[PDB]
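Listing of work-v5.txt, compact mmCIF, N, CA and C atoms
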```txt
# COMPACT_ATOMS: atom_id res chain seq x y z
N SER A 1 -15.70 7.43 -4.40
CA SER A 1 -14.48 7.25 -5.25
C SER A 1 -13.31 6.48 -4.62
N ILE A 2 -13.38 5.18 -4.94
CA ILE A 2 -12.52 4.06 -4.58
C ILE A 2 -10.99 4.18 -4.45
N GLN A 3 -10.34 4.78 -5.41
CA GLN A 3 -8.89 4.80 -5.28
C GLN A 3 -8.38 5.67 -4.14
N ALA A 4 -9.31 6.35 -3.51
CA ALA A 4 -8.95 7.19 -2.40
C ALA A 4 -8.92 6.32 -1.14
N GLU A 5 -9.71 5.25 -1.17
CA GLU A 5 -9.85 4.35 -0.05
C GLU A 5 -8.56 3.67 0.41
N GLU A 6 -8.29 3.74 1.69
CA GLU A 6 -7.11 3.09 2.21
C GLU A 6 -7.19 1.54 2.06
N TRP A 7 -8.40 0.96 2.01
CA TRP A 7 -8.54 -0.50 1.82
C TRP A 7 -8.47 -0.87 0.33
N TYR A 8 -8.40 0.13 -0.54
CA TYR A 8 -8.31 -0.16 -1.96
C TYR A 8 -6.85 -0.23 -2.39
N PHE A 9 -6.37 -1.42 -2.70
CA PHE A 9 -4.98 -1.61 -3.10
C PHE A 9 -4.74 -1.54 -4.60
N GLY A 10 -5.78 -1.23 -5.36
CA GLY A 10 -5.60 -1.10 -6.80
C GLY A 10 -5.07 -2.33 -7.52
N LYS A 11 -4.06 -2.12 -8.36
CA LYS A 11 -3.51 -3.20 -9.16
C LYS A 11 -2.48 -4.04 -8.46
N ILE A 12 -2.93 -5.02 -7.70
CA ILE A 12 -2.00 -5.94 -7.04
C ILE A 12 -2.56 -7.31 -7.37
N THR A 13 -1.69 -8.31 -7.49
CA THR A 13 -2.11 -9.65 -7.87
C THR A 13 -2.71 -10.42 -6.68
N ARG A 14 -3.33 -11.55 -7.01
CA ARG A 14 -3.88 -12.44 -6.03
C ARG A 14 -2.78 -12.94 -5.09
N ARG A 15 -1.61 -13.31 -5.64
CA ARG A 15 -0.51 -13.85 -4.82
C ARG A 15 0.04 -12.78 -3.83
N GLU A 16 0.11 -11.53 -4.30
CA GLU A 16 0.56 -10.41 -3.45
C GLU A 16 -0.50 -10.18 -2.34
N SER A 17 -1.78 -10.14 -2.70
CA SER A 17 -2.80 -9.99 -1.65
C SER A 17 -2.64 -11.12 -0.61
N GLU A 18 -2.31 -12.36 -1.04
CA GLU A 18 -2.11 -13.44 -0.08
C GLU A 18 -0.83 -13.24 0.76
N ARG A 19 0.24 -12.71 0.14
CA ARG A 19 1.49 -12.45 0.89
C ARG A 19 1.18 -11.49 2.06
N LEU A 20 0.44 -10.44 1.74
CA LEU A 20 0.03 -9.42 2.71
C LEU A 20 -0.92 -9.95 3.80
N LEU A 21 -1.91 -10.75 3.39
CA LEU A 21 -2.89 -11.27 4.34
C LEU A 21 -2.45 -12.42 5.22
N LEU A 22 -1.45 -13.18 4.78
CA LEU A 22 -1.01 -14.34 5.54
C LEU A 22 -0.09 -14.01 6.67
N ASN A 23 -0.05 -12.76 7.06
CA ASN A 23 0.77 -12.36 8.18
C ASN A 23 0.13 -12.85 9.49
N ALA A 24 0.89 -13.59 10.31
CA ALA A 24 0.38 -14.16 11.56
C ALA A 24 -0.31 -13.15 12.50
N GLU A 25 0.03 -11.87 12.35
CA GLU A 25 -0.57 -10.86 13.21
C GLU A 25 -1.98 -10.50 12.77
N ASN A 26 -2.39 -10.91 11.55
CA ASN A 26 -3.72 -10.52 11.06
C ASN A 26 -4.88 -11.33 11.70
N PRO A 27 -5.88 -10.65 12.29
CA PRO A 27 -6.99 -11.45 12.87
C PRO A 27 -7.97 -11.82 11.71
N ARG A 28 -8.96 -12.68 11.97
CA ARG A 28 -9.92 -13.02 10.92
C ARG A 28 -10.64 -11.76 10.41
N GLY A 29 -10.89 -11.68 9.11
CA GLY A 29 -11.60 -10.50 8.67
C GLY A 29 -10.72 -9.36 8.17
N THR A 30 -9.40 -9.52 8.29
CA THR A 30 -8.48 -8.52 7.71
C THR A 30 -8.68 -8.57 6.17
N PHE A 31 -8.77 -7.42 5.53
CA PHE A 31 -9.10 -7.39 4.14
C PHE A 31 -8.51 -6.27 3.30
N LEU A 32 -8.72 -6.38 2.00
CA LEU A 32 -8.32 -5.38 1.01
C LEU A 32 -9.21 -5.60 -0.25
N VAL A 33 -9.30 -4.57 -1.09
CA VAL A 33 -10.05 -4.63 -2.35
C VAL A 33 -8.98 -4.31 -3.41
N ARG A 34 -9.00 -5.05 -4.50
CA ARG A 34 -8.00 -4.86 -5.56
C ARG A 34 -8.70 -5.15 -6.87
N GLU A 35 -8.03 -4.87 -7.99
CA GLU A 35 -8.59 -5.17 -9.29
C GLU A 35 -8.59 -6.69 -9.47
N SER A 36 -9.57 -7.19 -10.21
CA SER A 36 -9.62 -8.62 -10.56
C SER A 36 -8.43 -8.83 -11.55
N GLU A 37 -7.78 -9.99 -11.51
CA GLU A 37 -6.69 -10.21 -12.48
C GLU A 37 -7.16 -10.32 -13.94
N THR A 38 -8.26 -11.06 -14.12
CA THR A 38 -8.76 -11.36 -15.44
C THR A 38 -10.12 -10.79 -15.83
N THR A 39 -10.93 -10.32 -14.88
CA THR A 39 -12.25 -9.76 -15.27
C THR A 39 -12.23 -8.25 -15.40
N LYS A 40 -12.43 -7.79 -16.62
CA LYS A 40 -12.42 -6.37 -16.85
C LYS A 40 -13.57 -5.76 -16.05
N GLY A 41 -13.29 -4.59 -15.50
CA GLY A 41 -14.25 -3.87 -14.72
C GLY A 41 -14.67 -4.58 -13.46
N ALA A 42 -14.00 -5.66 -13.05
CA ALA A 42 -14.40 -6.29 -11.80
C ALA A 42 -13.32 -6.10 -10.74
N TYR A 43 -13.67 -6.27 -9.46
CA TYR A 43 -12.72 -6.13 -8.35
C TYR A 43 -12.71 -7.43 -7.60
N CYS A 44 -11.77 -7.60 -6.68
CA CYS A 44 -11.73 -8.76 -5.83
C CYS A 44 -11.54 -8.29 -4.44
N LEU A 45 -12.28 -8.90 -3.53
CA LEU A 45 -12.21 -8.59 -2.11
C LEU A 45 -11.43 -9.74 -1.54
N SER A 46 -10.26 -9.49 -0.97
CA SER A 46 -9.44 -10.58 -0.43
C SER A 46 -9.54 -10.51 1.07
N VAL A 47 -9.83 -11.63 1.71
CA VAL A 47 -10.12 -11.63 3.16
C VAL A 47 -9.38 -12.73 3.88
N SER A 48 -8.85 -12.40 5.06
CA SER A 48 -8.15 -13.41 5.85
C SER A 48 -9.16 -14.16 6.72
N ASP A 49 -8.87 -15.45 6.96
CA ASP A 49 -9.69 -16.30 7.82
C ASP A 49 -8.72 -17.15 8.61
N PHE A 50 -9.25 -17.78 9.64
CA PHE A 50 -8.47 -18.64 10.50
C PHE A 50 -9.38 -19.71 11.15
N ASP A 51 -8.88 -20.95 11.11
CA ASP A 51 -9.52 -22.06 11.80
C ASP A 51 -8.43 -23.06 12.17
N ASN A 52 -8.78 -23.95 13.11
CA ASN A 52 -7.84 -24.94 13.61
C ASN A 52 -7.57 -25.96 12.53
N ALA A 53 -8.56 -26.15 11.63
CA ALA A 53 -8.40 -27.09 10.49
C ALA A 53 -7.32 -26.59 9.46
N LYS A 54 -7.47 -25.34 9.06
CA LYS A 54 -6.60 -24.74 8.08
C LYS A 54 -5.57 -23.72 8.61
N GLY A 55 -5.73 -23.23 9.85
CA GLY A 55 -4.83 -22.19 10.35
C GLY A 55 -5.17 -20.91 9.54
N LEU A 56 -4.19 -20.03 9.30
CA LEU A 56 -4.44 -18.77 8.60
C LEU A 56 -4.57 -18.98 7.10
N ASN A 57 -5.61 -18.43 6.49
CA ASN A 57 -5.79 -18.65 5.07
C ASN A 57 -6.50 -17.48 4.48
N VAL A 58 -6.67 -17.47 3.17
CA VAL A 58 -7.25 -16.32 2.48
C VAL A 58 -8.33 -16.69 1.45
N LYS A 59 -9.44 -15.94 1.42
CA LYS A 59 -10.51 -16.14 0.45
C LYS A 59 -10.60 -14.92 -0.45
N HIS A 60 -11.04 -15.13 -1.70
CA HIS A 60 -11.17 -14.06 -2.69
C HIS A 60 -12.59 -14.09 -3.22
N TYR A 61 -13.25 -12.93 -3.29
CA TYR A 61 -14.65 -12.79 -3.75
C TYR A 61 -14.74 -11.76 -4.84
N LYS A 62 -15.34 -12.11 -5.95
CA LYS A 62 -15.45 -11.16 -7.02
C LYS A 62 -16.60 -10.17 -6.78
N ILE A 63 -16.32 -8.90 -6.99
CA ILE A 63 -17.26 -7.81 -6.84
C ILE A 63 -17.52 -7.31 -8.25
N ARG A 64 -18.78 -7.38 -8.66
CA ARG A 64 -19.23 -6.94 -9.97
C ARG A 64 -19.88 -5.57 -9.84
N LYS A 65 -19.78 -4.82 -10.90
CA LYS A 65 -20.35 -3.50 -10.90
C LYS A 65 -21.16 -3.37 -12.18
N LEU A 66 -22.42 -2.95 -12.03
CA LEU A 66 -23.33 -2.78 -13.17
C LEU A 66 -23.15 -1.42 -13.85
N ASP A 67 -23.60 -1.30 -15.10
CA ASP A 67 -23.48 -0.03 -15.82
C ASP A 67 -24.58 0.81 -15.23
N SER A 68 -25.55 0.12 -14.65
CA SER A 68 -26.67 0.69 -13.89
C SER A 68 -26.10 1.24 -12.51
N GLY A 69 -24.82 0.99 -12.23
CA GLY A 69 -24.22 1.53 -11.03
C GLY A 69 -24.20 0.69 -9.78
N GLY A 70 -24.91 -0.42 -9.75
CA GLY A 70 -24.85 -1.20 -8.53
C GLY A 70 -23.60 -2.08 -8.37
N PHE A 71 -23.08 -2.19 -7.15
CA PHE A 71 -21.94 -3.05 -6.82
C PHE A 71 -22.42 -4.25 -6.04
N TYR A 72 -21.87 -5.44 -6.31
CA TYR A 72 -22.28 -6.63 -5.56
C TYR A 72 -21.34 -7.83 -5.68
N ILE A 73 -21.40 -8.72 -4.68
CA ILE A 73 -20.72 -9.99 -4.73
C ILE A 73 -21.84 -10.92 -5.21
N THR A 74 -23.04 -10.87 -4.56
CA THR A 74 -24.22 -11.63 -4.98
C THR A 74 -25.24 -10.64 -5.52
N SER A 75 -25.78 -10.93 -6.69
CA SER A 75 -26.70 -10.02 -7.33
C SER A 75 -27.92 -9.80 -6.44
N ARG A 76 -28.13 -10.70 -5.48
CA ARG A 76 -29.27 -10.51 -4.61
C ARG A 76 -29.12 -9.37 -3.60
N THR A 77 -27.87 -8.93 -3.36
CA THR A 77 -27.50 -7.91 -2.34
C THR A 77 -26.57 -6.88 -2.93
N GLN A 78 -27.18 -5.82 -3.46
CA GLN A 78 -26.47 -4.77 -4.17
C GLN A 78 -26.33 -3.46 -3.40
N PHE A 79 -25.35 -2.65 -3.79
CA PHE A 79 -25.06 -1.37 -3.13
C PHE A 79 -24.83 -0.24 -4.12
N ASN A 80 -25.06 1.00 -3.67
CA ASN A 80 -24.88 2.15 -4.55
C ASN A 80 -23.38 2.55 -4.72
N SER A 81 -22.52 2.00 -3.86
CA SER A 81 -21.09 2.30 -3.92
C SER A 81 -20.28 1.18 -3.27
N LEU A 82 -19.00 1.16 -3.61
CA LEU A 82 -18.10 0.17 -3.06
C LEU A 82 -17.98 0.39 -1.56
N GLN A 83 -18.02 1.66 -1.14
CA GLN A 83 -17.92 2.05 0.28
C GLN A 83 -19.07 1.49 1.10
N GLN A 84 -20.27 1.57 0.52
CA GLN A 84 -21.50 1.01 1.16
C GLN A 84 -21.40 -0.52 1.24
N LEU A 85 -20.85 -1.14 0.18
CA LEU A 85 -20.64 -2.61 0.17
C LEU A 85 -19.69 -2.96 1.29
N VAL A 86 -18.57 -2.25 1.42
CA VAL A 86 -17.65 -2.55 2.51
C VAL A 86 -18.29 -2.37 3.93
N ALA A 87 -19.05 -1.28 4.10
CA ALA A 87 -19.72 -0.99 5.39
C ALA A 87 -20.71 -2.12 5.73
N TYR A 88 -21.43 -2.63 4.72
CA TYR A 88 -22.41 -3.71 4.97
C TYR A 88 -21.74 -5.01 5.44
N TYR A 89 -20.68 -5.43 4.70
CA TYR A 89 -19.94 -6.64 5.01
C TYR A 89 -19.07 -6.59 6.25
N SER A 90 -18.94 -5.39 6.81
CA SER A 90 -18.22 -5.18 8.09
C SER A 90 -19.18 -5.49 9.22
N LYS A 91 -20.47 -5.61 8.91
CA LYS A 91 -21.49 -5.95 9.92
C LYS A 91 -22.05 -7.35 9.72
N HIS A 92 -22.16 -7.76 8.47
CA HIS A 92 -22.70 -9.08 8.14
C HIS A 92 -21.67 -10.03 7.53
N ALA A 93 -21.53 -11.26 8.03
CA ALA A 93 -20.61 -12.23 7.39
C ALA A 93 -21.34 -12.72 6.11
N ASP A 94 -22.67 -12.99 6.20
CA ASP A 94 -23.45 -13.55 5.08
C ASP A 94 -22.69 -14.79 4.53
N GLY A 95 -22.35 -14.79 3.25
CA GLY A 95 -21.61 -15.92 2.70
C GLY A 95 -20.09 -15.83 2.77
N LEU A 96 -19.55 -14.73 3.31
CA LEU A 96 -18.07 -14.54 3.44
C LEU A 96 -17.50 -15.39 4.57
N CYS A 97 -16.20 -15.63 4.49
CA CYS A 97 -15.53 -16.43 5.48
C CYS A 97 -15.57 -15.76 6.86
N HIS A 98 -15.74 -14.42 6.86
CA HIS A 98 -15.80 -13.65 8.09
C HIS A 98 -16.25 -12.25 7.76
N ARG A 99 -16.82 -11.54 8.75
CA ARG A 99 -17.19 -10.14 8.48
C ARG A 99 -15.86 -9.36 8.33
N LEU A 100 -15.89 -8.30 7.55
CA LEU A 100 -14.70 -7.45 7.35
C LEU A 100 -14.41 -6.69 8.70
N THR A 101 -13.17 -6.80 9.17
CA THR A 101 -12.72 -6.18 10.43
C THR A 101 -11.76 -5.00 10.16
N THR A 102 -10.48 -5.28 9.92
CA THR A 102 -9.53 -4.19 9.64
C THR A 102 -8.78 -4.27 8.31
N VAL A 103 -8.41 -3.10 7.81
CA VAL A 103 -7.69 -3.02 6.56
C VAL A 103 -6.31 -3.67 6.68
N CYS A 104 -5.98 -4.47 5.70
CA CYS A 104 -4.69 -5.13 5.66
C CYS A 104 -3.53 -4.16 5.76
N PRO A 105 -2.65 -4.40 6.73
CA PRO A 105 -1.50 -3.50 6.81
C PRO A 105 -0.60 -3.81 5.55
```
Written as structure tokens, how would this file's structure read?
Amino acid sequence: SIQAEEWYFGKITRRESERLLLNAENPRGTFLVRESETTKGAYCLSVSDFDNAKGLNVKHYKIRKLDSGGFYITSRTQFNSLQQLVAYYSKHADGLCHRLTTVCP
């Protein structure tokens, strides 16, 4: 149950998630989960990244949830809960800009 999660920021906009993540103190992989702005029943995983080309920047990934109960960014890699999805992506970068490291302050 997601809203209990400290990394779950609930109803915050994309611009607010970027205000929070663009803090110079954030290392790559700093993240949060929030509601999608426009997709009903969907969430967005907002993640900080850093490179010499772009400096500090932020990526957003849509997380879909099936009525069948599975959560996923890619339908090929599904989870039984949002918590399991977060635990997996904290170990694997896969297609993300970086593996999930710490919750956005």
Box for segment 36-44 of chain A - axis-aligned, 8 Å on each of the six sides, all listed atoms - centre and size in Å to one decimal, as AutoDock Vina command-line options.
```
--center_x -10.7 --center_y -7.6 --center_z -10.6 --size_x 24.0 --size_y 23.5 --size_z 28.4
```
- Message: Residues within 7 Å of segment 54-69 of chain A, please, as a ChimeraX atom specification. Count only C-alpha atoms; anything in the same chain fewer than 4 positions from it doesn't count.
- Response: /A:18,21-22,42-50,73,80
- Message: Quick check for you: according to DSSP on this backbone, which residues of chain A are classed as alpha helix (DSSP H)? Reply as a PyMOL selection string.
- Response: chain A and resi 14-21+82-89
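Between atom N of residue 71 of chain A and atom N of residue 40 of chain A there is a distance of 15.3 Å.
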- Query: segment 97-104 of chain A: which residues within 6.5 Å, counting only N, CA and C atoms, same-chain residues fewer than 5 positions away excluded, as a PyMOL selection string?
  - Reply: chain A and resi 6-7+20+28-32+49+89-92
- Query: as number ranges by chain, which residues of segment 3-105 of chain A does DSSP assign to strand (DSSP E)?
  - Reply: A: 8-10, 31-35, 43-51, 55-65, 71-72, 78-79
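Atom pair atom C of residue 38 of chain A / atom CA of residue 11 of chain A: separated by 12.1 Å.
Counting all atoms listed in the file, residue 10 of chain A has the following residues at most 8 Å away, ignoring those fewer than 5 positions along the same chain: residues 2, 3, 32, 33, 34, 35 and 36 of chain A.
Atom C of residue 27 of chain A lies 20.4 Å from atom C of residue 84 of chain A.
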